[PDB]
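Undergrad: Dumping the structure here so I can ask a few things about it.
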Amino acid sequence: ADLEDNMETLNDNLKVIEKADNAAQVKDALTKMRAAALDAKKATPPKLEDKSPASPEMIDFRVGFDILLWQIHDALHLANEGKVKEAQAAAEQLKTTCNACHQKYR
Amino acid sequence: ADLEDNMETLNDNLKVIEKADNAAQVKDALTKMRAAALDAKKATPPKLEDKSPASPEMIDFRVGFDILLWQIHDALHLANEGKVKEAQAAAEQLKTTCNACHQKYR
Amino acid sequence: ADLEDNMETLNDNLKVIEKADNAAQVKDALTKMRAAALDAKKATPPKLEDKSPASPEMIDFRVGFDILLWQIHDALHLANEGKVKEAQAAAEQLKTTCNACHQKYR
Ligand code: HEC
Ligand code: HEC
Ligand code: HEC
Ligand SMILES: [Fe+2]
């Protein structure tokens, strides 16, 4: 999918997690977010389509998704353990990473 | 190692996992696959040798291995928990990613 | 932060882990190492400032941190399970990657 579609997936599933009641919903949502973040890594944001995909900004863009992926990893492990409230708290910490990339490249 | 040898390692250890009896065999094989996937990420596949190193195709190639590595991650955790058949099923799900990359770059 | 600051964080926290007596010391140190390794991925080392940003050497540099991150991952899970000596042995295994990257690019 393209970048905006992956962002919609990330946003949709983050809201599923906030409102979630059971670990299965959270595990499923974080799994879709992991796939969306990996797919987004291969995109070029519109404010960067004017650089080499190897520019330092583009590498900063892709590493931003690696940072997001390690945070999703921590949350998905909590969801796998059934720690539903802790997983929701780890998922809320994602938005710092969301906000930092948006400030630079959105 | 070269890309050919890493692909041999991936394929051979995938077979080892299918025939495995115990979790230590699955854990050992998956750990070798993780190392091979990381090493493969450094390669330029023959289909892309005559394109720019800064091409979006090279980025998509490397992200293909990130996708594989996160699926290897899930299987390896199952093996570390002693869940042999679940780890084996998670490893069989690698083949979707193997083939998706092959359709593009093999 | 710049590359040298990230290296100082990696080096300082590896020493903390070697001297740690409890799992919380190790968990906190590895968590800072993970953040530093991800940040270092954005850098261009002085020895490679003359290379194209997507050159095989720059790719090798960035994948070296991916290798480091998966080893940090294993050590951090062991620390989270309270296996302190095991987590310390896993962190000692990081040095092979530190030394291999320095041999090539420092
Ligand atoms: C960079 C590393 C990013 C991270 C991490 C996240 N987002 Fe993002 N997002 C990014 C860009 C460059 C853009 C602009 C895309 C464009 O074509 O304009 C976006 C966009 C969004 C949007 C709006 C989508 C749209 O249709 O316009 C949303 C709702 C969004 N992003 C949400 C979001 C969430 C919830 C994130 C973390 C969980 C997140 N983004 C991370 C770049 C990056
Ligand atoms: C891209 C991101 C790939 C992923 C994921 C996997 N493979 Fe692959 N493979 C890829 C390429 C570009 C090539 C051609 C290499 C060449 O030099 O020709 C291959 C090749 C193979 C082969 C046969 C080639 C050989 O080793 O001589 C096998 C058996 C193979 N690949 C297996 C394999 C498996 C089992 C994978 C998933 C677990 C897998 N590959 C993923 C690119 C990519
Ligand atoms: C490449 C993939 C590297 C890995 C993995 C590690 N390091 Fe590193 N380190 C790297 C470079 C290119 C440099 C040179 C930076 C420069 O500007 O000269 C370094 C440097 C260091 C230093 C010295 C920092 C300074 O004050 O100049 C230290 C103390 C250091 N690195 C430690 C270190 C440790 C402990 C690592 C593993 C945990 C490690 N590095 C990995 C490249 C890479
Ligand atoms: Fe994990």
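Residues are referred to by chain and number: the chain letter is A, B, ... according to the order shown in the structure tokens, the number counts from 1 in that chain, and ligands are numbered separately from 1 in the order shown.
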Give the residues close to ligand 1, within 8 Å, counting only C-alpha atoms and all ligand atoms; write them as an MDAnalysis selection string.
TA: chainID A and resid 3:5 7:8 10:12 14 33 37 41 44:47 60:65 67:68 91 94:95 97:102 105:106
Undergrad: Export, as a compact mmCIF listing (two decimals), in the first residue's frame, the selected residues with N, CA and C atoms.
TA:
```txt
# COMPACT_ATOMS: atom_id res chain seq x y z
N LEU A 3 1.95 5.26 1.23
CA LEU A 3 2.27 5.79 2.56
C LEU A 3 1.01 6.21 3.31
N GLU A 4 0.14 6.99 2.67
CA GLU A 4 -1.06 7.45 3.37
C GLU A 4 -1.92 6.28 3.82
N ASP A 5 -1.99 5.22 3.02
CA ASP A 5 -2.77 4.04 3.42
C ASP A 5 -2.15 3.37 4.63
N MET A 7 -0.34 4.93 6.91
CA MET A 7 -0.63 5.84 8.02
C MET A 7 -2.06 5.67 8.51
N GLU A 8 -3.01 5.47 7.59
CA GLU A 8 -4.39 5.22 8.02
C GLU A 8 -4.47 3.93 8.83
N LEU A 10 -2.01 2.62 10.63
CA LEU A 10 -1.42 2.89 11.94
C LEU A 10 -2.40 3.63 12.84
N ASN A 11 -3.06 4.65 12.29
CA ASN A 11 -3.97 5.46 13.07
C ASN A 11 -5.22 4.67 13.46
N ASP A 12 -5.80 3.93 12.51
CA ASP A 12 -6.99 3.14 12.80
C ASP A 12 -6.72 2.15 13.93
N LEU A 14 -4.25 2.15 16.17
CA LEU A 14 -3.95 2.79 17.45
C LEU A 14 -5.23 3.12 18.20
N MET A 33 -0.21 -2.98 12.85
CA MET A 33 0.65 -1.80 12.89
C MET A 33 2.09 -2.14 12.52
N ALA A 37 4.00 -0.35 9.44
CA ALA A 37 5.25 0.39 9.62
C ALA A 37 6.35 -0.14 8.71
N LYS A 41 8.13 1.97 5.42
CA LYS A 41 9.56 2.16 5.24
C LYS A 41 9.96 2.25 3.78
N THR A 44 8.26 7.10 -0.06
CA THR A 44 8.88 8.42 0.00
C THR A 44 7.82 9.45 0.33
N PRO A 45 7.89 10.14 1.46
CA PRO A 45 6.89 11.15 1.78
C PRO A 45 6.93 12.27 0.76
N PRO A 46 5.79 12.94 0.52
CA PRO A 46 5.75 14.02 -0.49
C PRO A 46 6.75 15.14 -0.26
N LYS A 47 7.01 15.51 1.00
CA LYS A 47 8.02 16.52 1.30
C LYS A 47 9.45 16.01 1.13
N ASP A 60 16.87 9.18 7.79
CA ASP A 60 16.22 9.55 9.05
C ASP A 60 14.75 9.12 9.05
N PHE A 61 14.09 9.28 7.90
CA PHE A 61 12.71 8.82 7.75
C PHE A 61 12.60 7.32 8.01
N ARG A 62 13.44 6.52 7.35
CA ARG A 62 13.33 5.07 7.52
C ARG A 62 13.71 4.63 8.93
N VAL A 63 14.72 5.26 9.53
CA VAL A 63 15.08 4.88 10.90
C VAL A 63 13.96 5.23 11.86
N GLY A 64 13.20 6.29 11.57
CA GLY A 64 12.02 6.61 12.37
C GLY A 64 11.04 5.46 12.46
N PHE A 65 10.86 4.72 11.37
CA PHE A 65 10.02 3.53 11.46
C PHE A 65 10.69 2.41 12.22
N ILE A 67 12.60 2.88 14.88
CA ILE A 67 12.28 3.27 16.25
C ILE A 67 10.85 2.89 16.59
N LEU A 68 9.90 3.20 15.70
CA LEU A 68 8.51 2.82 15.93
C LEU A 68 8.36 1.31 16.08
N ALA A 91 1.49 1.35 23.86
CA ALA A 91 1.00 1.85 22.58
C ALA A 91 0.79 3.35 22.60
N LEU A 94 3.84 5.28 21.69
CA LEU A 94 4.16 5.39 20.27
C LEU A 94 4.03 6.81 19.76
N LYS A 95 3.07 7.57 20.29
CA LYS A 95 2.75 8.86 19.68
C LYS A 95 3.89 9.87 19.79
N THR A 97 6.95 9.09 19.03
CA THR A 97 7.62 8.81 17.77
C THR A 97 6.80 9.32 16.59
N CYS A 98 5.48 9.10 16.61
CA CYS A 98 4.62 9.65 15.56
C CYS A 98 4.82 11.15 15.44
N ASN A 99 4.80 11.86 16.57
CA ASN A 99 4.87 13.32 16.54
C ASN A 99 6.22 13.81 16.04
N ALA A 100 7.30 13.15 16.46
CA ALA A 100 8.63 13.56 16.03
C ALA A 100 8.82 13.40 14.53
N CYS A 101 8.37 12.28 13.95
CA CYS A 101 8.52 12.16 12.50
C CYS A 101 7.62 13.15 11.77
N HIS A 102 6.39 13.34 12.26
CA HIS A 102 5.49 14.28 11.61
C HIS A 102 6.06 15.69 11.60
N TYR A 105 8.71 15.62 8.68
CA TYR A 105 8.50 15.15 7.32
C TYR A 105 7.06 15.15 6.84
N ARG A 106 6.09 15.49 7.69
CA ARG A 106 4.69 15.45 7.27
C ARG A 106 4.26 16.77 6.65
```
Undergrad: Cα-based RMSD, chain A fitted onto chain C, all atoms paired in sequence order: value?
TA: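 Across all paired C-alpha atoms, the RMSD is 0.3 Å.
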Undergrad: Between atom CA of residue C:22 and atom CA of residue A:84, what is the distance in Å, rounded to a tenth?
TA: 26.5 Å
Undergrad: Around ligand 4, at most 7 Å away and counting only C-alpha atoms and all ligand atoms, which residues are there? Put them as a PDB file with C-alpha atoms, in the first residue's frame, please.
TA:
```
ATOM      1  CA  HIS A  73       7.704  -4.824  19.696  1.00  0.00           C
ATOM      2  CA  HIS A  77       5.138  -8.653  23.882  1.00  0.00           C
TER       3      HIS A  77
ATOM      4  CA  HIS B  73      11.479 -13.049  15.667  1.00  0.00           C
ATOM      5  CA  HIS B  77      10.135 -16.574  20.722  1.00  0.00           C
TER       6      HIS B  77
ATOM      7  CA  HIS C  73      17.021  -7.631  21.818  1.00  0.00           C
ATOM      8  CA  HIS C  77      14.511 -10.283  26.967  1.00  0.00           C
TER       9      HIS C  77
END
```
Undergrad: Atom CA of residue C:83 and atom CA of residue C:69 are how many Å apart?
TA: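 Here the two named atoms are 19.0 Å from each other.
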Undergrad: With only C-alpha atoms as the atoms that count, which of B:57, B:74, B:39, B:49 lies nearest to chain C?
TA: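 Smallest separation from chain C among the options: B:39.
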Undergrad: Compile the residues of chain C that lie within 6 Å of chain A, evaluated using only C-alpha atoms, and express the compilation as a PyMOL selection string.
TA: chain C and resi 42+53-54
Undergrad: Residues near residue A:20, anyone? I mean within 12 Å using only C-alpha atoms, not counting same-chain ones fewer than 3 positions away, as an MDAnalysis selection string.
TA: chainID A and resid 13:17 23:30 79 84:85 87:89 91
